[PDB]
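With the first letter of the sequence shown counted as 1, position 418 gets the number 1278 in our numbering; the numbers rise by one all the way through.
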Amino acid sequence: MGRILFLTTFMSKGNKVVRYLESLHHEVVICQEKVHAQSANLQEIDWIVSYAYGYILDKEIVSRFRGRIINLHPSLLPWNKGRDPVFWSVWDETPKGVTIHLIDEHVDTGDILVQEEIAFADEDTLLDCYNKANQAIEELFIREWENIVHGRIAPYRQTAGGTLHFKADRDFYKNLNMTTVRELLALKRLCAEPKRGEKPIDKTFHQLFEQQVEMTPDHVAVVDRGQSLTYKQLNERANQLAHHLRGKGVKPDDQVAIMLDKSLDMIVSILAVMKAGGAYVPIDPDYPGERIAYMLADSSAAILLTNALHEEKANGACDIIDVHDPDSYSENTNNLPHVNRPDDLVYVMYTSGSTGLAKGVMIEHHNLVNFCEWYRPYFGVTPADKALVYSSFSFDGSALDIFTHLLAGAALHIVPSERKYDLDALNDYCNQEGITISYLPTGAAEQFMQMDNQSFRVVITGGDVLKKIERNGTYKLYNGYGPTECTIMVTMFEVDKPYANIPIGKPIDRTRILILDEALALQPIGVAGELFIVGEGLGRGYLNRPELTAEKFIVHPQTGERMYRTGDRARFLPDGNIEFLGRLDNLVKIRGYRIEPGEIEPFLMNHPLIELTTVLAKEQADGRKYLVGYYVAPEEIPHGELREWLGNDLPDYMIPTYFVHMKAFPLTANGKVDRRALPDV
Ligand SMILES: *P(=O)(O)OCC(C)(C)[C@@H](O)C(=O)NCCC(=O)NCCS[C@@H](CS(=O)(=O)NC[C@H]1O[C@@H](n2cnc3c(N)ncnc32)[C@H](O)[C@@H]1O)[C@H](N)C(C)C
């Protein structure tokens, strides 16, 4: 027979516990606001019962009422002390229960008066569990209140250990409390960092390559039409050029431009740059001189490895080292002493720019080794395999063709320029020589599925939305996904049946992929969001673009992990595979090229007769997006004149397929161009 102080924050004042206490003729005072020592109520309180109160009482108040302040906290203390106990008890998968304990100096650390276990079914939502636990602890309080008042119960100190969480710890998970226990723990596995001690990377690529050369020295390494070089021959010739290159001042993180057609000299030059210590800057010779001079200027590359056929195209801007000049090779054929760390730059490839000119993507040796070290065991690549070096060597799809197969002892086959686009002769060569594994761009892959091939066992594809699955061959089709920034690819799917949306697969080694909403919070399984990549595949950033590195390579505020903002939208499927749901941004992947349609606008608008331009992507029935360039000009400009105009500054793949002349552009109510209202032919 006294007075009771009920201190709560979220709970309702019409609770069963409150009504029960008043039924025992106890006058109860409900108070949610902060109480201080000078409060007029503190002198008339006989008992203080708190129940998930959102604040701590001043140490003066807690000591004055020592031995008479109790808290009903619905967790199995010491597990899940403090905030959001039920959620953390489920996420961390700790034992579950409710505990009525004394309040001591710290948060939910006092001795336990009463403790009871509870169980949650898999189908219950986190709200159901929260409610079920709240009901169980209230009934526990109703049965044991008489024992608590009379002090009959013997409090016992908490076990040593436990965890602790604060209010902000849940910000990252605010959108998650609406999911079944099964679905929640399913997301936890898909977003669980691998167990502490995960295999790191200590070696550089050429360290592993030379090791593999000494394992299969007389095995065919590279094949170019009739000629071919073995691993021993390739390793020695590259070492000769590397000694000469190193002797000319090539240092770690230095850039060495390479401008050559696909050939044996290319592979020799590529490895020579690595062994020398620097990173190679591939420059497709089909680029216009404007583009070539730009890459040479922006990149801090003084050395340009090229031939005499294309030497003049550089206009003496760089100290040229002709790959045909015999004095470019030293007598020394031994492997050079390794001077590179896995954190050093291995190459700098150029992709399209977001707002303006393109940015050199810096890829490290720890981003290529991780990819090759996963590729070889997963696909079971062996020296018996012969791989096609098909993709243009300025795109990282060529790094897949070349580097992953060399570490596996396989043989590289440079695709002859004549048979490159005549897939009939390519398939003929592949059936004759026995080409077993190769990566083919989506365009070439679909065309190859029609052939009656029987030699290949693994064809890897990717880069564009695959739609055709039917093929007469017995080879496993593999669909891969990943941006250049995250090293070649990050996910892999084994295609087995038709799908309305062929998934891109599961993450590769040491790669976590997070689906986050606009607020960067985790998305529940089945909820769309931005695909965030975490792990060893992350690059060093963009060359000479630190502002974009900070924007795209962010350190998560709650998690603290370094992640790359891809700008891509994706979702986790229930089975773990990822579904690609397009991209927020202006970009679009057209036949293997990441382009900014707006990055053509300055060149185009710079034309005297051109006032405004907007390049959109339109698909004709079969879903394949192509670019139409609408422009407002007085008179229509000849199609070929614009293609040559863009050809002076842009590569062929950045030249829109169609250009449409218009007298004026349609506008929205807000003044924006009404992109929806533009025609198409
Ligand atoms: P023609 O055009 O004049 O001659 C060209 C031909 C036709 C001969 C062609 O065979 C060729 O030579 N292609 C070489 C060009 C090339 O290799 N480009 C690189 C491909 S993109 C690369 C990484 S990326 O640059 O960052 N772009 C990937 C982004 O696109 C999305 N993506 C990735 N995978 C996708 C699939 N399977 N479907 C749909 N979209 C996909 C992501 O947002 C990526 O950010 C990727 N990684 C490939 C696989 C190397």
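Think of the CB as a built atom: it goes at the ideal place given N, C-alpha and C, for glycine as much as any other residue.
Going by C-alpha distance, which of the options is nearest residue i?
i: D1182; options: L1472, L1047, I1118, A1218; result: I1118
i: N1230; options: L1217, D1203, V1221; result: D1203
i: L1472; options: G1489, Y1424, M1038; result: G1489
i: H1198; options: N1099, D984, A1360, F925; result: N1099
i: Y1491; options: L1469, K1478, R863, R1370; result: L1469
i: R1451; options: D988, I864, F1255; result: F1255
i: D988; options: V1041, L937, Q892; result: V1041
i: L1228; options: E1150, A1081, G1395; result: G1395
i: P1237; options: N1313, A912, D1369; result: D1369
i: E1345; options: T1242, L1300, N1339, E1224; result: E1224
i: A1168; options: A1157, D1146, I1180; result: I1180
i: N1095; options: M1134, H933, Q975; result: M1134
i: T1321; options: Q1093, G927, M1352; result: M1352
i: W1234; options: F1263, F1253, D1078; result: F1263
i: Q1314; options: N1287, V1325, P1301; result: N1287
i: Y913; options: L867, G1420, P938; result: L867
i: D971; options: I930, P1060, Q1418, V1009; result: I930
i: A1028; options: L1464, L1441, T1419, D1158; result: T1419
i: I1393; options: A1132, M1349, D1158; result: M1349
i: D1482; options: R1443, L1326, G1397; result: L1326
i: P1145; options: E1171, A1157, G1137, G1138; result: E1171
Since residue i and residue j are thought to touch, with beta carbons under 8 angstroms apart, how far apart are those beta carbons, to the nearest angstrom?
i: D1245; j: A1268; result: 7 angstroms
i: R863; j: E904; result: 6 angstroms
i: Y1189; j: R1085; result: Actually they do not touch by this definition, with Cβ atoms about 22 angstroms apart.
i: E977; j: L936; result: 7 angstroms
i: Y1341; j: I1364; result: 4 angstroms
i: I1385; j: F1316; result: Contact doesn't hold; Cβ gap of about 35 angstroms is too wide.
i: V1319; j: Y1289; result: Wrong, their Cβ atoms sit about 15 angstroms apart, outside the cutoff.
For residue i, does the count of other Cβ atoms within 10 angstroms reach 16, so buried, or fall short, so exposed?
i: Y1207; result: buried
i: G1021; result: exposed
i: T1528; result: exposed
i: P1367; result: buried
i: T869; result: exposed
i: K873; result: exposed
i: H1104; result: buried
i: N991; result: exposed
i: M1309; result: buried
i: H1226; result: buried
i: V909; result: buried
i: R1056; result: exposed
i: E1070; result: buried
i: residue 1553; result: Past the edges of the chain, shown from 861 to 1541, lies residue 1553, and the structure says nothing about it.
i: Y1424; result: buried
i: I916; result: exposed
i: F1519; result: buried
i: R1422; result: exposed
i: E1495; result: exposed
i: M1038; result: exposed
i: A993; result: buried
What residue range does the beta strand (DSSP E) around residue i cover?
i: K1246; result: 1246-1249
i: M1155; result: Not the beta strand (DSSP E): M1155 falls in the alpha helix (DSSP H), residues 1149-1158.
i: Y1140; result: 1139-1142
i: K1219; result: 1219-1224
i: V1387; result: Unbroken run through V1387: none, as it is neither H nor E.
i: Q1087; result: 1087-1090
i: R1429; result: 1422-1432
i: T1409; result: No beta strand (DSSP E) contains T1409, which is instead part of the alpha helix (DSSP H) from 1406-1412.
Quick one: give me the first and last residue of the alpha helix (DSSP H) that residue i is part of.
i: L1487; result: Looking at the DSSP string, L1487 is not in any alpha helix (DSSP H); the run it does join, the beta strand (DSSP E), is 1485-1492.
i: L1286; result: 1283-1293
i: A1174; result: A1174 -> no alpha helix (DSSP H), and no H or E assigned at all.
i: residue 858; result: Since the first and last residues shown for the chain are 861 and 1541, residue 858 lies out of range.
i: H1066; result: 1065-1073
i: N994; result: 986-1009
i: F1308; result: 1302-1309
For this session: Check whether the stretch 1502-1521 touches the stretch 1452-1465, counting contact only when three or more Cβ pairs, one atom from each stretch, lie closer than 8 angstroms.
Result: yes
For this session: Could you say if the stretch 943-959 and the stretch 899-909 meet the contact criterion of at least three C-beta pairs nearer than 8 angstroms?
Result: no
Problem set entry | Segment contact flag, the stretch 1239-1258 with the stretch 1270-1283, C-beta cutoff 8 angstroms, min 3 pairs | yes
Exercise. Counting pairs of Cβ atoms below 8 angstroms between the stretch 1395-1414 and the stretch 997-1013, do you hit three or more?
Worked result: no
Exercise. Would you call the stretch 1407-1414 and the stretch 1119-1132 in contact, with 3 or more CB pairs under 8 angstroms?
Worked result: no
Problem set entry | the stretch 1186-1196 / the stretch 1206-1222 touching (three or more Cβ pairs under 8 angstroms) | no
For this session: Mind the definition here: the stretch 912-929 touches the stretch 961-975 only if three or more C-beta pairs lie below 8 angstroms; say whether that holds.
Result: yes
Problem set entry | the stretch 1300-1309 contacting the stretch 1321-1338, beta-carbon criterion three pairs below 8 angstroms | yes
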